[PDB]
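A quick write-up on the structure given underneath.
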Amino acid sequence: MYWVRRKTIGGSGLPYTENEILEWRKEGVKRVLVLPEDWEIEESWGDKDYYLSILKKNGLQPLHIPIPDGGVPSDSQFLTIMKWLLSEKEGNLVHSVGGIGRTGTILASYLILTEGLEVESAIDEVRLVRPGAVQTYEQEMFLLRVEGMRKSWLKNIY
Amino acid sequence: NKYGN
Ligand SMILES: [Ca+2]
C-alpha cells in the first residue's frame with residue numbers, strides 16, 4: 001500500500017488475506033474504492049460479495065466501481081468515483097488488482113482535478129511512490145481527456 | 001493487467 005497524499009489518498013493492489021486489510025487500518029485507511037471486476041475479485045477470494053462484506057466487517061467503508069483491467073471508468077463511473085473520493089477527505093484507499101494501472105489512472109485523475117496538475121505532473125506524482133503507474137494508451141488518453149475538460153468536470157463534481 | 005514484476 002502507498003500514500004500519494006499522506007493519510008488522504010493512496011493506492012494498493014488486491015489484498016489476498018484479511019490480515020492485509022488490518023495493515024491498511026494501521027496505515028490510516030478508512031474508506032476503500034474497489035476497482036476490479038467481479039471475476040477478478042472472485043478469482044482471489046472465491047466470492048465478490050464476501051470480499052466486500054469483509055471490508056465492512058473490518059470497519060472499512062467500501063464502494064465497488066468495476067473497471068475493466070487495463071481500462072478506464074465511464075463518465076458516469078468517474079463522476080461517482082470523484083464524488084466518493086471528495087465526500088470524505090481522509091483515509092481514502094483506491095485499489096485494483098496490481099495497484100498500478102487502473103489505480104494509478106484514478107489517482108492521477110484525482111490530482112489533475114484537485115491540484116490543477118497537467119497529466120505529466122500527475123503521473124509523475126503517482127510514480128514517485130508507485131513506479132509504472134498508468135499502463136495503457138486508453139488510460140493515458142482518459143487522463144488527457146480529463147485534463148482537457150477539467151472545468152466541466154469540476155463543475156459537475158461540485 | 002500483466003502483473004507480477
Ligand atoms: Ca494488457
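Just remember, in the C-alpha cells the first chain shown is A, the second B, etc., residues are 1-based per chain, and ligands are 1-based in the order shown.
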
- request: Please return, as a list in words, all residues of chain A lying within 9 Å of chain B when only C-alpha atoms are considered.
  value: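 Applying the cut-off to the listed atoms yields residues 69, 70, 97, 98, 100, 101, 102 and 135 of chain A.
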
task: Write down as a ChimeraX atom specification the residues belonging to segment 20-87 of chain A that are assigned helix (DSSP H, G or I) by DSSP computed on the backbone.
output: /A:20-26,38-45,48-57,75-87

- prompt: How far is it from atom CA of residue 134 of chain A to atom CA of residue 54 of chain A, in Å with one decimal?
  reply: 27.9 Å

task: If you run DSSP over the backbone, which residues in segment 38-138 of chain A end up strand (DSSP E or B)? Put them as a ChimeraX atom specification.
output: /A:61-64,92-95

Output of the above residues as a compact mmCIF listing (two decimals), in the first residue's frame, restricted to C-alpha atoms:
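Written output follows (part.txt):
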# COMPACT_ATOMS: atom_id res chain seq x y z
CA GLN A 61 -16.41 1.64 4.07
CA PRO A 62 -16.24 0.24 0.52
CA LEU A 63 -17.59 1.34 -2.84
CA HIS A 64 -17.34 -1.08 -5.75
CA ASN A 92 -9.08 7.04 1.07
CA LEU A 93 -7.65 3.90 -0.47
CA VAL A 94 -8.14 3.07 -4.15
CA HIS A 95 -7.25 -0.42 -5.33

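Non-sequential neighbours of residue 17 of chain A (distance at most 10 Å, separation of 5 or more positions within a chain, only C-alpha atoms) are residues 22, 44, 45 and 51 of chain A.
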
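In this structure, atom CA of residue 114 of chain A sits 24.0 Å away from atom CA of residue 60 of chain A.
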
All residues 10 Å or closer to residue 41 of chain A, only C-alpha atoms, same chain fewer than 6 positions away omitted, as an MDAnalysis selection string: chainID A and resid 14:16 34:35 47:52 96:97

Distance of atom CA of residue 26 of chain A from atom CA of residue 58 of chain A, expressed in Å to one decimal place: 11.9 Å

task: Point out the residue among A:12, A:139, A:76, A:121 with the least atom-to-atom distance to ligand 1, counting only C-alpha atoms and all ligand atoms.
output: A:139

statement: Using only C-alpha atoms and all ligand atoms, the residue out of A:85, A:138, A:107, A:29 with shortest distance to ligand 1 is A:138

message: Could you check the closest approach to ligand 1 for each of A:150, A:83, A:3, A:137 and tell me which residue wins, using only C-alpha atoms and all ligand atoms?
response: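 Of the candidates, the smallest distance to ligand 1 is held by A:137.
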